[PDB]
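Reviewing the structure listed below.
With ideal geometry, Cβ positions are generated from the backbone for all residues, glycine too; neighbour counts draw on all protein chains shown. What follows draws every value from the coordinates through simple rules; no lab data is involved.
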Amino acid sequence: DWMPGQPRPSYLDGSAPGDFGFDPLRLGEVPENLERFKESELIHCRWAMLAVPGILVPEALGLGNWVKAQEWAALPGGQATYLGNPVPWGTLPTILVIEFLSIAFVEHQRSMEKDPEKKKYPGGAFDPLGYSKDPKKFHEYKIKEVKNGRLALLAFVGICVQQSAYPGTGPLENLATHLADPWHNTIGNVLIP
Amino acid sequence: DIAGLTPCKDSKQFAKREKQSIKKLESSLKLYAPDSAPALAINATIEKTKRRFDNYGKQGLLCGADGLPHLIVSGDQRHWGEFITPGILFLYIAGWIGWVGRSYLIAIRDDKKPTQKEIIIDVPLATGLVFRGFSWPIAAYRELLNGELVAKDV
Amino acid sequence: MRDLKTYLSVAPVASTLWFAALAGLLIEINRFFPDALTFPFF
Amino acid sequence: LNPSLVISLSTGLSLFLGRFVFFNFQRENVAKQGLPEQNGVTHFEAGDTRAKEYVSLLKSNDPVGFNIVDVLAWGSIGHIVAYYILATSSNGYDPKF
Amino acid sequence: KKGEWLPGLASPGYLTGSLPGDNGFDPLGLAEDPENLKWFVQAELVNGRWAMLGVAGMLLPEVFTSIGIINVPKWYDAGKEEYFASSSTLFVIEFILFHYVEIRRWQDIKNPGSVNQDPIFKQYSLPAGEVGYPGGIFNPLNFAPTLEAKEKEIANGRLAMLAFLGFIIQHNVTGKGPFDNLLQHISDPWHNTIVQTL
Ligand code: CLA
Ligand code: CLA
Ligand SMILES: CC(/C=C/C=C(C)/C=C/[C@@]12O[C@]1(C)C[C@@H](O)CC2(C)C)=C\C=C\C=C(C)\C=C\C=C(C)\C=C\[C@@]12O[C@]1(C)C[C@@H](O)CC2(C)C
Ligand SMILES: CC1=C(/C=C/C(C)=C/C=C/C(C)=C\C=C\C=C(C)\C=C\C=C(C)\C=C\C2=C(C)CCCC2(C)C)C(C)(C)CCC1
Ligand SMILES: CC1=C(/C=C/C(C)=C/C=CC(/C)=C/C=C\C=C(C)/C=C/C=C(C)/C=C/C2=C(C)CCCC2(C)C)C(C)(C)CCC1
């Protein structure tokens with residue numbers, strides 16, 4: 001239960017992966033919407049579980065924050081630099097057309113297939129090691145995935161809001177500012193400027 | 001300052017209005033004797049004019065190019081006394097009036113002739129209800145949560 | 001007597017007494033605190 | 001920088017997407033959408049002599065049904081995207097970071 | 001005969017007398033609805049308890065300062081002082097902690113007995129008490145929550161709430177603190193009254 005004392009909604013039984021009973025606005029009132037949301041949540045969860053590592057790992061190295069690592073395209077003659085080496089296709093029109101064709105194709109494959117559990121948990125070629133072998137550990141990993149994903153989503157909100165509270169900063173740079181003085185460099189100073 | 005305005009304590013037109021107003025009253029004063037009653041009346045109006053202009057300039061009122069106090073109702077905390085604070089005071093009084101009148105209409109709606117107590121006021125009932133508006137934001141808020149403020153299906 | 005008090009509770013008489021008391025109060029308020037475009041007590 | 005290069009690449013990719021990628025979604029959506037109808041019946045059946053769709057021009061020996069109109073639609077996409085790319089490259093516009 | 005706030009006036013019907021501190025006092029009829037009465041009972045308890053701690057923390061450090069034992073800032077000047085943390089950080093700590101505690105108490109107000117157990121440690125739960133009077137770890141000395149005892153809690157809370165209402169309004173018009181006001185009054189009460197202060 002996400003809030004002990006509150007009665008659970010009628011349609012949230014507790015069987016679905018991540019079913020802690022959270023729907024105050026009753027957005028999943030319709031099973032069509034609820035099933036579509038169950039797919040869309042995992043998509044956001046998985047994009048965030050790929051984003052957060054890619055957002056904070058280059059910062060630990062010599063590369064700047066994720067906001068400045070997407071800056072060459074602002075100026076005319078931009079040149080991308082993966083690992084400090086100027087890649088030849090660094091121009092914005094090149095990457096823009098490349099990302100459009102590839103991302104649109106792959107993400108549209110998800111639209112053309114409605115099961116609608118293939119839209120959630122496809123597997124097959126996407127499960128070579130076969131962690132879906134046991135329908136109990138596979139559902140346990142479903143719980144592990146949705147909680148890891150919600151954790152990464154909350155972290156992505158933190159990164160973006162911190163980026164707003166400190167324009168042109170890094171998440172780990174904000175962490176170091178908090179480590180310098182946790183009692184004088186807290187959100188209270190941006191909550192109470 | 002805000003919106004290009006200058007505070008009335010700094011505006012020259014504001015001080016020129018105070019001068020010309022006082023000098024106009026003094027021009028009316030020379031016609032009468034120093035011990036006269038019109039003289040004490042005009043002198044009191046002059047002192048009342050000085051008090052008014054000084055109070056406006058002291059409480060941070062902003063003046064335009066015309067030397068007249070302009071009010072800023074955007075919510076800027078430097079001028080809450082110009083709208084938000086008197087507005088909250090009004091909403092307290094208005095809610096008081098409406099809540100007391102509503103309590104009266106509810107109390108007489110079950111009378112044999114409810115129209116009788118609407119054209120002939122039941123002053124005892126009124127005097128007992130006039131002080132319920134003192135806590136009107138509370139009694140109203142509770143009636144909002146308990147479904148007592150709005151008639152069901154109308 | 002009771003009929004006289006019932007007459008004093010009629011709508012116009014109650015309105016006059018109520019509005020007269022209200023008019024006198026606002027007059028004395030603007031007499032001890034004349035002008036005032038703002039709420040100065042902050 | 002070359003108009004033929006941008007126009008051929010843009011139109012070629014547009015026709016490629018519309019034939020092999022965005023084809024089944026477009027056809028199933030235009031099937032569930034249907035023909036526009038007045039008073040619960042098509043414009044032609046109601047009595048509009050000029051509202052009969054030209055199935056002869058829609059005839060195509062293509063295995064999937066790509067006809068002239070599909071070429072015209074996705075080709076117009078390619079040329080508009082091409083001239084957008086060309087016009088955005090020649091203006092020399094640059095914001096300020 | 002449960003105690004009459006006004007010896008002449010009768011007690012309202014909805015105020016039975018089963019509540020501690022009941023004296024038949026509700027002229028405006030704010031607790032006519034039993035649900036409003038149930039909510040306002042908790043509001044009186046929490047407001048009275050905070051007022052009791054507040055009045056103590058405002059008066060007792062100041063009298064000990066004016067006597068000479070300690071030198072503690074006054075209750076209105078204690079905020080401007082410098083502390084080990086930024087006042088903004090102190091605010092966020094207090095907000096988060098109360099945003100957890102007050103909502104846990106609120107779940108008991110709506111649904112009684114629904115938050116008696118620790119969610120971290122499954123054991124170590126609270127025994128069943130009444131709303132506003134949580135047992136278990138909240139009563140370590142194991143006193144008896146009864147009448148008089150609860151009536152004295154409400155009575156001290158009412159006087160402390162009036163005491164807080166006095167402290168804030170006094171400090172506004174008199175400039176100094178509560179104990180300084182009492183000393184100024186004790187020196188010459190007939191010439192150091194609210195009549196003289198205004
Ligand atoms: C877009 C991402 C997304 C989506 C699609 C879902 C979808 C779903 N969630 Mg989930 N959730 C998310 C993010 C998301 N969640 C995040 C980030 C968290 C961590 C806080 C959670 C934590 C969570 C819990 C604990 C539970 C769910 C549950 C559910 C399911 C039922 C709720 C529902 O039907 O509402 C549908 C949701 C939407 C339609 C998304 C609406 C988005 C709105 C418009 C904007 C959100 C405002 C946001 C607060 C802004 C903050 C930004 C910041 C700058 C302030 C459902 C399938 C419940 C469940 O039973 O799981 C099966 C459940 O118990 N979620
Ligand atoms: C910790 C997060 C997490 C968790 C617990 C799961 C859990 C699960 N996933 Mg999932 N997934 C995730 C993240 C996660 N995923 C991310 C970020 C993506 C990319 C968008 C995907 C994309 C994905 C797809 C397409 C599918 C699944 C499937 C599944 C289910 C069975 C497969 C499995 O168990 O894999 C095991 C997971 C692990 C062994 C995690 C260890 C891997 C390490 C820790 C990665 C760390 C390296 C670095 C940070 C990431 C770089 C890797 C990158 C190059 C891919 C299972 C419930 C399949 C399914 O639904 O079954 C039917 C399915 O088809 N996942
Ligand atoms: C909570 C409270 C006070 C809490 C104070 C605190 C925490 C103080 C904290 C600090 O000071 C310290 C300790 C140290 C300082 O350095 C810092 C600060 C921060 C300053 C007061 C409540 C105070 C609450 C009060 C005064 C409530 C009064 C309610 C009344 C009188 C209602 C009566 C009636 O409603 C009935 C019952 C029936 C109706 O029909 C008629 C009417 C008359 C309406
Ligand atoms: C802040 C501000 C502002 C803004 C505002 C806004 C924009 C808002 C709003 C608002 C709104 C939008 C509100 C609402 C409403 C709604 C509803 C829905 C209603 C209601 C009411 C009622 C219900 C009532 C009841 C009663 C009472 C209680 C009293 C007496 C009696 C009666 C019955 C009347 C401005 C800038 C201007 C100025 C400054 C300040
Ligand atoms: C034989 C064959 C083939 C081939 C084919 C081809 C090659 C074709 C085509 C085609 C094409 C290639 C088409 C196109 C295009 C189209 C269109 C239809 C167009 C257009 C244009 C436009 C529309 C324009 C507009 C404009 C203007 C006018 C000006 C301004 C600008 C703009 C741009 C806007 C293959 C082997 C493959 C297969 C089998 C068969």
Work out how far the C-alpha atoms of the protein assembly as shown reach from end to end along every principal axis, then list the three figures in whole Å, largest first. 110, 84, 73
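Is the shape of the stretch B:104-154 best called rounded, prolate or oblate, per the rule: a/c under 1.5 gives rounded, else a/b larger than b/c gives prolate, else oblate, with a ≥ b ≥ c the square roots of the Cα gyration tensor eigenvalues?
Oblate is the answer for the stretch B:104-154, as a/c is 1.5 or above yet b/c matches or exceeds a/b.
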Average partner coverage of A:184-191, which counts Cβ from other chains inside 10 Å: 5
Semi-axes (Å, rounded, descending) of the ellipsoid equivalent to the stretch A:31-191 per its C-alpha gyration tensor are 33, 25, 15
Using only Cα atoms, find the angle between the long axis of helix C:11-32 and the longest principal axis of chain C, and express it within 0 to 90 degrees, rounded to the nearest 10. 20 degrees
tail above 23 Å in the computed P(r) of chain B, as % of all Cα-Cα pairs, reads 64 percent
Taking 1 over the mean of 1/r across every pair of different Cα atoms in chain C, what Kirkwood radius in Å do you get? 12.6 Å
Unpaired by the 4.7 Å Cβ criterion, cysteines found in the protein assembly as shown: A:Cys45, A:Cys160
Each residue of the stretch A:150-166 in turn: what ³J(HN,Hα) in whole Hz from Karplus with 6.51, -1.76, 1.60 and θ = phi - 60°, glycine and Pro shown as x? 4, 5, 5, 5, 4, 6, 5, 5, x, 4, 5, 5, 4, 4, 6, 5, 9
Positive-end extreme of charge dipole, chain A - chosen from A:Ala16, A:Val157, A:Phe105 (charges on Cβ): A:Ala16
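For the stretch E:109-198, run through the trypsin sites (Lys or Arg not before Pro) and keep only the ones in DSSP coil with at most 14 other Cβ atoms within 10 Å of their Cβ.
E:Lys122, E:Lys176
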For the stretch E:44-152, which GluC sites (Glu not before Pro) are both in a DSSP coil and crowded by at most 12 other Cβ atoms within 10 Å? E:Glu81, E:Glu82, E:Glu148
Checking the stretch E:100-196 for chymotrypsin sites (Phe, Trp or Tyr not before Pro) in a loop per DSSP with at most 16 other beta-carbon atoms within 10 Å yields E:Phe121, E:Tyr124, E:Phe143
Cβ charges +1 (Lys, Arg) and -1 (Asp, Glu), total dipole of chain D, debye: 160 debye
Amide proton proximity set for B:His70, modelled H, under 5 Å, gap of 5+: B:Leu62, B:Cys63, B:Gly64
Going through the cross-link list A:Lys119/D:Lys59; B:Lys9/E:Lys74; B:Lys23/B:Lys58; D:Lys32/D:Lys59, which pairs have a Cα-Cα distance over 32 Å in this structure? A:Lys119/D:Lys59; B:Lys9/E:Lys74
So what J values fall out for the stretch E:16-21 if you push phi through Karplus, 6.51 cos²θ - 1.76 cosθ + 1.60 with θ = phi - 60°, rounded to Hz, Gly and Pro as x? 5, x, 6, 9, x, x
Only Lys, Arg (+1) and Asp, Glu (-1) charged, at Cβ; the protein assembly as shown dipole about Cα centre in debye: 1080 debye
Give me the angle, in degrees from 0 to 90, between the Cα long axis of helix D:24-33 and the longest principal axis of the Cα atoms of chain D, rounded to the nearest 10. 40 degrees
Helix by helix, which DSSP H runs in chain E go 15 Å or more along their axis at the Cα atoms and have an average Kyte-Doolittle hydropathy of -1.0 or more? E:34-67, E:87-110, E:149-174
From the backbone phi of the stretch A:168-175, what are the Karplus-calculated ³J(HN,Hα) couplings (6.51 cos²θ - 1.76 cosθ + 1.60, θ = phi - 60°) in whole Hz, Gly and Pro given as x? x, 10, x, x, 6, 5, 5, 5
Arrange the peptides C:31-40, D:86-95 so that the one whose residues have, on average, the most other Cβ atoms within 10 Å appears first. C:31-40, D:86-95
For chain B, find the longest principal axis of its Cα atoms and tell me its angle to the long axis of helix B:37-58, 0 to 90°, nearest 10. 80 degrees
